[PDB]
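Structure 1 and structure 2, given next as structure tokens, are two forms of the same protein chain, each shown alone.
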Structure 1
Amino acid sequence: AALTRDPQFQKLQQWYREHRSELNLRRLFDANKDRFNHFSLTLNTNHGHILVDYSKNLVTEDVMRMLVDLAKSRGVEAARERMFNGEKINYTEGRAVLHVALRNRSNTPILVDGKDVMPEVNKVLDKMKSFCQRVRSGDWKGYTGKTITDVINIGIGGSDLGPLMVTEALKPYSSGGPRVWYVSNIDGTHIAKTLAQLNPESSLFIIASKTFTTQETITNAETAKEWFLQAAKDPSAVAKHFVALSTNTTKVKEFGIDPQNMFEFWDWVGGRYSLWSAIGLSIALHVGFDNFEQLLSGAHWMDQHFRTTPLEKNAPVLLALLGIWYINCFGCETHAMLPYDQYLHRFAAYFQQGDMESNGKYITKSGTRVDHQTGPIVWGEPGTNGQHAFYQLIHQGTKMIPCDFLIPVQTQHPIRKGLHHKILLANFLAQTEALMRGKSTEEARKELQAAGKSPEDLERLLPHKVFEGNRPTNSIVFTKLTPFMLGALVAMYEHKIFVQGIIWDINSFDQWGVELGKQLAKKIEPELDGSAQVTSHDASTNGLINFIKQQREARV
């Protein structure tokens, strides 16, 4: 593959093999009291600062130099320009990749097929703004003359995870907005338990799907429309309670949605990069279009940072390169994202798609099979909860796990004169300090003796109380989790993912891996009808189906 043949990558791998056992964080910090200043970036967005402290990583100045040289050798800057200039860098599908245009507040022209896309981008934004003002003010009325109290987004994957994550993260900014609900699973309990809590007269359904053919979403949509029409009866009332977010006007029309109720986006908006488009309507209804615009503006700021900053001081580039170091030299399978913020509780789940569906790939641009690792498994839970669930393994298991710890300095809820947030910050700081420093046999022994342990209780317990440490982390600290700041943070990780894919020579913007499961499900669906045994598959699929048919009738 490209990367394995690259001379700067080989230089990196060789340095790693020779100097690996020289990378100990305790000794690195004891030896260089300027390590924080040299291995961190402080960004002023003018709407909050962002400190990206990457100094608790297993790197030296030489390692960072070699990584930046790898980015240059792999052509990261030229690929970036291709994206921003509207070239068809999604080469398997022959499409541009222009989520950056969706938030291009500067309205600099971006040409696709020789045509500036920004007028169309701004036309839809204007339509979203109008619609949100009317719904939130109460001017948009239901079929019995009532204001909308509940907005229900029906969509899955990229049509769900983004808006859900953002409305959870920005819940303090939703005063005066309708309640927002997210229905995504085809599993009928999802729509069933939602609809049981809603009044058809004051519920607005948003049907979100790029192609508008996804079975889960269309089936949920028909179930909601049947439920609505059982109450309203009048088919003309659907135009007051159903809108669609999509690129497929025909399928939206055939589903029965008023064409004036379609909020359009384009084929160069990837689903996992789509919350910035019409797909974000549920965000703008919930927290208002002004806050949605702030969210776009934060992403736009980080877009310009990525575009204008020399690589050695460029935040998404450095984050991407530290990942390459741990993925392709240290061999770490996973990457944990640990926001110390309850409002960010769906942030890790969002970048499970954003990261893993982008870079969970194995074919390069030349059609060649990679001979190296690509994207990691992303996971995580908010702090401090994770400390009492799985940090045991991070501290004392047998896995190397690069971790990003994130926290806002200022809380949305400064209760008890800031006591809760002070403890939260103390734990945020302590855990990365603990992961780095550990605790030696000698230090553990002195503690046990001071505690009063007998020589026999001490010797039995001692080895279990040792922390080997040397476990690397990023600490990402920002002034406050505002709409703007969330936009900048999400964009920062979007460009991290971009840079890694360019280095790996893969396509971060296609997803051919979802097709096989969809084909096979289409063939099994009809076979579940009737009680006849199935013999048309492998023995396991047959046996599972036939067990399902046996127990479908059992009375528990």
Structure 2
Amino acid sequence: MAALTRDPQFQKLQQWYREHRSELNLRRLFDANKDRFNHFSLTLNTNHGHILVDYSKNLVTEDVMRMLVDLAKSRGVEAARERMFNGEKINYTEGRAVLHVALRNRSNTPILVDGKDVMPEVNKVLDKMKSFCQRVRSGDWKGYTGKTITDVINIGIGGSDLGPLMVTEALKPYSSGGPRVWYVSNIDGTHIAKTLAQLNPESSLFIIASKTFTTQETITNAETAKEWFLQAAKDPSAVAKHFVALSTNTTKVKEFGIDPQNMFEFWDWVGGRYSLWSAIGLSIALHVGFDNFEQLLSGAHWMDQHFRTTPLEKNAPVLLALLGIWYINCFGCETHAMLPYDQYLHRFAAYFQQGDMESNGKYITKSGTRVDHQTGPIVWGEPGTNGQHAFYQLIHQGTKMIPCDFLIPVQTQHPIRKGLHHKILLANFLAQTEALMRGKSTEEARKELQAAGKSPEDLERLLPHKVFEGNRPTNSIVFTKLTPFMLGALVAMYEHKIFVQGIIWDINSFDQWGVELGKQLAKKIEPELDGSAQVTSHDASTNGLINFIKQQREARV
């Protein structure tokens, strides 16, 4: 018995579900309540765009929502939220604060950790980022042969990669006048090799993103880039004009050949998967400009404030979190699909696979007892309409219930053909959730087939295949335009959803002990791959795979 399962509000939810779930049908709910949209949607005015969070096409009633809010209160969500914002060490397995909200604290209200306001250091780094971006983008910063920088290459793994990549992809229209950005993350040599082949050492700037500056994959990639660079430049002192670090390890950064005045710091209370708001976002600021980076921070700051000051029943991240709890812990849905109808957001779902799954893919509660319920879902998705033409067949007519978040900006960055493309995109965004909710009954389908002139035999044969059961729930999140500020707000909104869910489950959303074993076992296997000897030190499978690898690496195909 974990905290969640012992909670009385949760038990009430489970009981309601057992006795009413058979009665949850979206067509009937909408048919019976013309005010349903008004009662189950939230409109936020950020002053830089509106966000409509329409959660009306969910398998919930007023009572369900009331009970879910009651659960949030019973589980101490608000108090936990205050602990985070106040700089308390809520990352309890690692004794650390959790302060990505400090990174984007534009108001500069003091946030104390161990007796010291963190804002001065947050702002010192931001100031350094701003100066650097101005120098690089303006052409002031010269390469070793006196040329301007045309390409910036971020080298990092996990949280040092996904955020910056997703945001620069999403904000590509705001990069006029910025250098090209490249992301190298995989230790797979293909990644760095194929990137370097397209670059000029005289005009490329590498950004090595690693807090410790000892991260294996990242430093290997970094060392490979340096070797390539020196092959052309020869002079070790030239490295300082072409490599900067996002790290705190001054000695290692200096030893690499980077001038430490170009080491951009961040802190223990910045989790990698919450780090794009820090120095880690340097490649974003370089690409779209520091002004745009500040707008991104400001958007997140707005949402932070929304989350902090809004009554639970009208609090966007809380409601999203609660809906997820309902589908995960009552309906048992393993996954959560994120489907932005926006090609610029093509890596948004991939970003939340880390942000969500690495945060809440957990099983030990704060008290040390194992959970006896589900925790975080498997997050997945492709942007519409691409995903729509790949896997929606399964969403509409498969055997899995799959909560989906559909997202779209009202205004497109590319209003080509007098808005025709965006009109079709919007129509599909709307129709898909409508279809998922409504379905098509046997009766309706039969009438279509008859109207189509199908013979009775053909009709009876095809009929069942044309039926859509519907009742498939979705959220529709519509926002004015995907600007830097609005993206900031949207990302922060999901960060706080994830936080609320973790508090409810009583897990630690901010550690990641689950990455350790794989790292340990890889270090053991590395040296064993060298040479031609048979390996017999592991289970038979691991041995067998290693031995096949040894046999085949000498094969001439």
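Only the largest set of C-alpha atoms that superpose within 1.5 Å between the two forms is called the rigid core. Numbers given to residues start at 1 and step along the sequence of structure 1.
- Per-residue Cα shift between structure 1 and structure 2 after core alignment stays below 2 Å for all of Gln410, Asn199, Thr92, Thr249 except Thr249.
- The Cα position of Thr213 changes by 2.1 Å between structure 1 and structure 2 once both are aligned on the rigid core.
- Look at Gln387: with the core superposed, its C-alpha moves 1.3 Å between structure 1 and structure 2.
- Relative displacement of the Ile50 Cα between structure 1 and structure 2 on rigid core alignment is 0.1 Å.
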